[PDB]
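To keep things clear, I will list the structure first and then write my remarks on it.
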Amino acid sequence: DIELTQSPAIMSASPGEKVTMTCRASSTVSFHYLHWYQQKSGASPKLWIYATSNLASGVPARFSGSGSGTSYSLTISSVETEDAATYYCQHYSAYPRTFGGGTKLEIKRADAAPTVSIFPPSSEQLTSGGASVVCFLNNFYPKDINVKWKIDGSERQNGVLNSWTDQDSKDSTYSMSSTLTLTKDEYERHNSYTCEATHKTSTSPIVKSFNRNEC
Amino acid sequence: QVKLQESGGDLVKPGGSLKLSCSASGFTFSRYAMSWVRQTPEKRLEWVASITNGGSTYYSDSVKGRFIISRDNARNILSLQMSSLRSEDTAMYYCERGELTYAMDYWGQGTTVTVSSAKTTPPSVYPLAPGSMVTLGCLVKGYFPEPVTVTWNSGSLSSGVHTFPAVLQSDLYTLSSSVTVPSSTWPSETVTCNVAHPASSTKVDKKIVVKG
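Line order of the protein sequences matches chains A and B.
Anchor point for the first sequence: position 149 equals 149 in our numbering, and the numbering is continuous, going up by one each time.
Heads up, our numbering is the position in the second sequence plus 1000, with the first residue counted as 1.
Written out as structure tokens, the structure is:
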């Protein structure tokens, strides 16, 4: 039994910082065959470093790899937005798993407020007896955003389902959708529907709203 | 350029069988070892099998006895046949040039496989029109299994789109997609949501039309 352990499982860094991540084996492993792969969100892995220290074709100069025996590392000399990804080490001698558990790298940026868009339920959806009110919160930072729903002025928590995208490697932003699902009847017993966006350090929420009678 | 395209992913009952294919181009296929690697919903990467250019096979202990890796050097096709499928075989499957020793230098974009006794439910697709720039939505509701493929104007609108990970409730998935275009381009010009659900062999096009 020999395992590759990667640390840290999750890292956050700012553009320009030097970052190092490690891959450690239970027992000695040949440096000739220690490899690294990069995987970006919604895409398959790409070969990144082979035989410990050699960069694969097209891989930026800022990447490097070191190590031998039971101890290896990947280093980015000056991290960039496009480096947001999960990094996996790999060795054929490792068993029963040839891959490490990975290091997920997040890239910091200055705070960005979401672009907020609220949608009344599709009229065609109402025909099914269900009503999904949708609010998109697009291109914001940091990840920890708070969404509040209001119906006729009062907060509603039941029937809300939220989903975040992975970090965009182009601009370091996140996006999320918030969906409030009600019955057709419950929906039509109310007029004002509100999606509110806030974060910890905010003193002014972003508010989007519609009325059932007039648009 | 080197290209690897996987196909054959589907919903399959436990105990069933399924064949994955990987079509290779842009290199001399007969000179290279080839591999399959899977990725679980937990994002864990897991080697499945490899085959040398001479046809020698190697399998992970998880699939030994059940999976067959094979190749056709004339057609430039790498295959994986999975028999006696298990729930635990549910994953995204990728085809690679190379193998574990000298590394896997190119990877295809993969095919999804889910092993479940639950039957397929195709999605209901609903347009989201608003109640300088305009954002429009597409709601794809109540389907099983993952994945759906969501595009806008048959992939012509690439930038300004956000497709959100599906949420599971009552044994059914629901996802939404947003697209943002210049307000001079809609409703002036057509914006339509295209949804593909391979497991139910369904495609749905839904034009986003003005009104609520």
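The C-beta atom is built at its ideal place from N, Cα and C for all residues, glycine as well.
Would you mind giving the Cβ-Cβ distance between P1145/B and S1124/B, rounded to the nearest angstrom? I have them listed as a contact below 8 angstroms. In fact, because the Cβ distance is near 16 angstroms, the residues do not count as touching under 8 angstroms.
Straight-line Cα distance separating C195/A from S12/A: Going by the C-alpha atoms only, they are around 29 angstroms apart.
Step through the CB atoms of chain A and report whether any lies within less than 9 angstroms of the CB of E1046/B. yes
If you count every other CB in all the chains shown that lies within 10 Å of the CB of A61/A, and 16 or more means buried, which is it? exposed
Output yes if chain A places a C-beta closer than 9 angstroms to the C-beta of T1190/B; else output no. At a cut-off of 9 angstroms, the C-beta of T1190/B has no neighbouring C-beta in chain A.
Host beta strand (DSSP E) of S1023/B (start-end): 1018–1025
Secondary structure at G1054/B, three-state DSSP: helix, strand or coil? Secondary structure at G1054/B: coil, using DSSP grouped into helix, strand and coil.
Less than 9 angstroms between the C-beta atoms of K18/A and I107/A, yes or no? no
In angstroms with no decimal places, state the Cα-to-Cα distance between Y92/A and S1200/B. 38 angstroms
Where do the N-terminal and C-terminal ends of the alpha helix (DSSP H) with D1105/B fall, by residue? Run containing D1105/B: none in the alpha helix (DSSP H); it sits in the beta strand (DSSP E), 1103–1107.
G1160/B beta carbon less than 9 angstroms from that of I118/A: no
At a Cβ threshold of 9 angstroms, is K1064/B touching chain A? Interface with chain A (9 angstroms Cβ-Cβ cutoff): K1064/B is excluded.
How would you list, in chain order, the residues of chain D whose beta-carbon sits under 7 angstroms from the beta-carbon of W1107/B? Absence of chain D from the displayed structure is noted, the protein chains being A and B.
If the cut is a Cβ gap below 9 angstroms, which residues of chain B does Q167/A touch? In chain order: nothing, as chain B lies at least about 12 angstroms away.
Go through its chain and collect everything with a Cβ distance to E1099/B's Cβ below 7 angstroms, but skip five positions before and after it. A1033, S1035, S1050
Grab the span of the alpha helix (DSSP H) containing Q6/A for me, first residue to last. Segment 4–7 is the beta strand (DSSP E) holding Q6/A; no alpha helix (DSSP H) there.
Any residues in the region 1115–1134 of chain B with a beta carbon nearer than 8 angstroms to a beta carbon of chain A? Which ones, in chain order? Residues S1124, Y1126, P1127, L1128, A1129, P1130, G1131.
What's the gap between the Cα of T1149/B and the Cα of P1041/B? Each residue's Cα considered, the two are about 17 angstroms apart.
Would you mind working out which of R109/A, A85/A, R97/A, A112/A sits nearest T103/A, comparing C-alpha positions? Answer by Cα proximity: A85/A.
List, in chain order, every chain B residue whose beta-carbon is nearer than 9 angstroms to that of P142/A. The premise fails here: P142/A is roughly 17 angstroms from chain B at the closest Cβ pair, so nothing lies under 9 angstroms.
Could you name each continuous alpha helix (DSSP H) segment of 4 residues or more that falls completely within the region 123–173 of chain A, going from the start of the chain to the end? 123–126
Starting from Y187/A, follow the alpha helix (DSSP H) in both directions and report where the run begins and ends. Run containing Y187/A: 184–187, per the alpha helix (DSSP H) assignment.
Please report the distance separating the alpha-carbon of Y1093/B from that of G1108/B. 9 angstroms
What number of angstroms, rounded off, separates the C-alpha of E82/A from the C-alpha of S169/A? 5 angstroms
To the nearest angstrom, report how far apart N191/A and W1152/B are at their CA atoms. The straight-line gap from Cα to Cα measures roughly 31 angstroms.
Three-way DSSP call (helix, strand, coil) for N1073/B in this model: coil
Alpha carbons only, please: which of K1206/B, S1158/B, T1192/B, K1013/B is nearest the one belonging to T1120/B? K1013/B
Close Cβ partners of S64/A (< 6 angstroms) along its chain, the five nearest in sequence each way excluded: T75
Alpha carbon to alpha carbon, how far is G1142/B from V79/A? Give it in angstroms, no decimals. 41 angstroms
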